[PDB]
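Below are the chains, spelled out letter by letter.
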Amino acid sequence: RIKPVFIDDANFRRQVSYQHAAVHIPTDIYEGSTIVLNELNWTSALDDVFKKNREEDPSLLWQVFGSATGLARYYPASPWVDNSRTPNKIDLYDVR
Amino acid sequence: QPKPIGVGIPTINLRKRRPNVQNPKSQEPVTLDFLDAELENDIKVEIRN
Amino acid sequence: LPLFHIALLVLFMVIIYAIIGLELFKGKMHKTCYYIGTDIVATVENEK
Amino acid sequence: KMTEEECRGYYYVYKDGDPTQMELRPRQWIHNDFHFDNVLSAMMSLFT
Ligand SMILES: *[C@@H]1O[C@H](CO)[C@@H](O[C@@H]2O[C@H](CO)[C@@H](O[C@@H]3O[C@H](CO)[C@@H](O)[C@H](O)[C@@H]3O)[C@H](O)[C@H]2NC(C)=O)[C@H](O)[C@H]1NC(C)=O
């Protein structure tokens, strides 16, 4: 896992981090399977292009890759609006 | 407006809703027609077409 | 045929116990706890 | 989920079979309490 710094930035009504990209995985999809883990490294090369696109156009909003395996890798990194089960509420978000 | 597009009369049945079930909210887009954002004439229809 | 007397005894005992239960527990198992404000019976994982 | 490596993570259970009423539960590989893995467990199951 990665622990980001999460500065507070405008054009995003929340706290974002530009050092890497966040990954959303559906709750009923087990992270750490062979399919999901294989997707993570080859998608980890998208962070460089995410940063390049951000630095070329500073006024650019979310950049997301929605995978056919259910993953969603988006930049800049930010905590999800509805985390899985830390509070009583749960999220049903599948990128497909 | 950032509000979702409503359909029909909203009917709820609070006698069958548990306090801890976490019902889904919505996923629909805000698709508002041009003729539904203003008063509609016959000239506006031909302009929109 | 010889089981006729036992059948009569069983029938009479069933009748007597049914009448006793009718006098004792009639209208008693009609109250349960639902969720507050709803009509949903409140139970736990493996409890009927 | 049909394999032990598949039965990992969390999943949804629906109360009274209503798709809008769901709760998260972790999924675990469960062995039956009475089984036939060896002769002792098989004999226990047959005695039951
Ligand atoms: C997913 O993970 C694997 C393993 O962590 C990544 O492969 C690793 O890639 C790095 C850099 O591309 C390799 O480092 C290089 O190692 C060579 C010796 O093999 C060394 O001479 C170089 O100076 C450099 O340190 C690393 O060895 C390599 N690991 C393995 C096991 O092959 C892979 O790149 C990740 N996926 C993506 C898309 O990056």
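Residues numbered from 1 in each chain as written, not as in the entry; some residues may be left out. Chains lettered and ligands numbered in written order. Part of a larger assembly, values for the part shown. Heavy atoms only, no water.

In its metadata, the entry names cryo-EM as the structure determination method and reports 2.8 Å as the resolution.

The deposited entry bears the title "Rabbit L-type voltage-gated calcium channel Cav1.1 in the presence of Amiodarone at 2.8 Angstrom resolution".

S.K.: Any chance you could explain the overall build of chain D here in plain terms?
M.R.: From N to C terminus, chain D includes one helix and two strands. Along its sequence from the N terminus, chain D presents helices and strands in the succession β-β-α. Expressed as lengths along the three principal axes of its C-alpha atoms, the size of chain D is roughly 45 × 25 × 15 Å. When burial is assessed residue by residue, chain D has 25% of its 48 residues classed as buried. Looking at chain D alone, contacts between residues at least 24 apart form 11% of all its contacts between residues at least 6 apart. With an accessible surface of roughly 4,000 Å², chain D has 56% of that area assigned to carbon and sulfur atoms. (Helix = DSSP H or I, 4+ residues; strand = E, 2+ residues; numbered from the N terminus. Buried < 20%, exposed > 50% of the residue type's maximum accessible area, 1.4 Å probe, protein only. Contact = heavy atoms within 4.5 Å. Areas by Shrake-Rupley, 256 points an atom, 1.4 Å probe, with all protein chains shown as cover.)

S.K.: In this structure, what is going on with a negative patch on the surface? I would like to understand it.
M.R.: A surface patch of like charges, here negative, comprises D36, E40, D42 and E46 of chain B. Assignment of secondary structure puts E40 of chain B in the segment before α1 (42-48). (Patch = residues over 30% accessible without salt bridge, like charges linked within 9 Å, V, L, I, M, F, W, Y side chains within 5 Å. Salt bridge = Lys/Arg side-chain N within 4 Å of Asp/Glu carboxyl O. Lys, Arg positive; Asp, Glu negative; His and termini not counted. Charge placed at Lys NZ, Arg CZ, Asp CG, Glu CD.)

S.K.: What should I look at first to understand the sheet that holds strand β4 (residues 63-66) of chain A in this one?
M.R.: Two strands in a sheet stick together by hydrogen bonds in their backbones, pointing the same way (parallel) or opposite ways (antiparallel). Residue and element names in this part refer to chain A. With respect to topology, three strands assemble into an open sheet ordered β3-β5-β4, the strand pairing being antiparallel. Sheet topology places β3 (22-24) and β4 at the edges, where each strand pairs with a single neighbour. Each strand of the sheet is rotated relative to its neighbour by a mean of 20°, with strand direction disregarded. Relative to strand β5 (residues 72-75), β3 runs antiparallel, the two sharing three bridges. Following the sheet pairing, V23 is matched in β5 by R73. Running over the sheet, helix α1 (residues 34-43) touches β3, β4 and β5 and is turned about 145° from β4. (Pairing = 2+ DSSP bridges. Axes fitted to C-alpha atoms, helices over the stretch in contact; angles between N-to-C directions.)

S.K.: Would you explain the arrangement of the chains in this entry?
M.R.: Here the protein chains form five pairs of chains in contact, of which the pair with the most contacts is chains A and D. Between chain A and chain C there is no contact; the minimum C-alpha to C-alpha separation amounts to 17 Å.

S.K.: Where do I start with the interface of chain C and chain B in this structure?
M.R.: Often, the extent of an interface is quoted as the loss of accessible area on bringing the components together. Contacts between chain C and chain B engage six residues on the former and six residues on the latter. A buried area of about 540 Å², summed over both sides, lies between chain C and chain B, and 52% of it is on carbon and sulfur atoms. Remark: the boundary between chain C and chain B carries one residue pair in polar contact. Residue composition of the side of chain C that touches chain B, grouped by class: three nonpolar, two polar and one charged. (Buried area = accessible area lost by both parts, 1.4 Å probe. Polar contact = N/O pair within 3.5 Å; in protein donor to acceptor, adjacent residues only side chain to side chain. Nonpolar A, V, L, I, M, F, W, Y, C, P; charged D, E, K, R; others polar.)

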